[PDB]
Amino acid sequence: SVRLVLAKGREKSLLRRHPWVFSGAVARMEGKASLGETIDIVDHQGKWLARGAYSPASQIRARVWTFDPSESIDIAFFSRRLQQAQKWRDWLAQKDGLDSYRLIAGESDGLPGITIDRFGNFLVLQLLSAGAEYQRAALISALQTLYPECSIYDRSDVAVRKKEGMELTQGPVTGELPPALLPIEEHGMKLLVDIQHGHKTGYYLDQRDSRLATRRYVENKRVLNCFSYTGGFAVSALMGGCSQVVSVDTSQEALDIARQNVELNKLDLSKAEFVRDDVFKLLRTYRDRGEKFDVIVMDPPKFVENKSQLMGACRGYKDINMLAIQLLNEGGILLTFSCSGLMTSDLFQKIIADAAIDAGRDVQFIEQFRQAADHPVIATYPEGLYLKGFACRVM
């Protein structure tokens, strides 16, 4: 019904099949549409370009559902998209021994604003854009048809929804309520996730390969895992045969789950330590007395200057990575990460390089990490790559 007319020239992004239409590229709206309503997007002359979801409260005024002129956005549309995404995850599950994975990664699976993670028999939703919420009913119907035995839970309690003009929301959608802790599997390893209250959708599936890579580096080595959360990296270190792994986190609850994870995998508790403390404080205490480690995993949360898209300068990263380098033996390996929207892979690299200079030690980049394969990045949406990380060796 309603159409969004692009300003002359401003249709280049659509021709590149980019899923987003910024408010600034819109010349006018022909007709009135509701929040999240399906609209057609045409060029300044009126030629059809795509069919998307209208988002009046957002700067991303519309997101593209499809570039096929004959494709309506209804239950069938979502069913087809789910089936296409499932084909990929079926292969990944078999190959990597997975019982859980991200099923739809928004724009990269052709469903902008929608994220769905599979955890055992639970499907966890995060409807982050206006279009996602508007199509909630259709999406659910498709999900119930394709995954009749699965329970659906909503974890749309993400601040980004405010950018789309919607309230945050979460809770059961269908089926049974998830347990406090649900065991999932990855690469012959079991991990407990909290769907109702855990981070994101319940866990960080995106760090799957970083965790697996940890196994290769830790044989008979002393490991320090900073901001360990529920200990995914700790279990991975033990699976790799580390002599000892020290997990540090500010949350006792997370550390308790970490210990439950070690026990669940029948690993050696004697080789694992769980320290509840201000990470920065612990790191300085260790450094001041000369503590040394062979492998250090560094994966901090909101860089500190979070949300500070403006006044970023969140060089809490330099301090954290500098401390890490100072705690490494010669030949020590640092696996450090960042998912902050205030920095790119290149800028993250410069920070590490700078931390090395101040620490008085040179480091070699020997590996670059990426979000797992169930978090694909469609080529038309490079911004989709958010997880940055490197494996560094102290010379």
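One rule holds for the numbers: they count along the sequence shown, beginning at 1.
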| request: Pick between 184 to 192 and 111 to 119: the one whose mean CA B-factor in the entry is higher. | output: 184 to 192
| message | Quick check: 121 to 129 versus 269 to 277, which has the larger average CA B-factor in the record? | response | 269 to 277
| said: For the CA B factor values reported in this entry, which option in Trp91, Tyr317, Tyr153, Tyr134 has the top one? | reply: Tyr317
| Which is it among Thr66, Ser58, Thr38, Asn329: the one with the largest CA B-factor in the entry? | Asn329
| said: Please place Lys47 in the lowest, middle or highest third of its chain according to the CA B-factor in the PDB entry. | reply: highest
| query | With respect to C-alpha B-factor, does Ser70 fall in the lowest, middle or highest third of the chain as deposited? | reply | highest
| said: Looking at the temperature factor on the CA atom of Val377, which third of the chain's modelled residues does it land in? | reply: lowest
| Cα B factor band for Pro19 (lowest, middle or highest third within the chain) | lowest
| Cα B factor band for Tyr101 (lowest, middle or highest third within the chain) | lowest
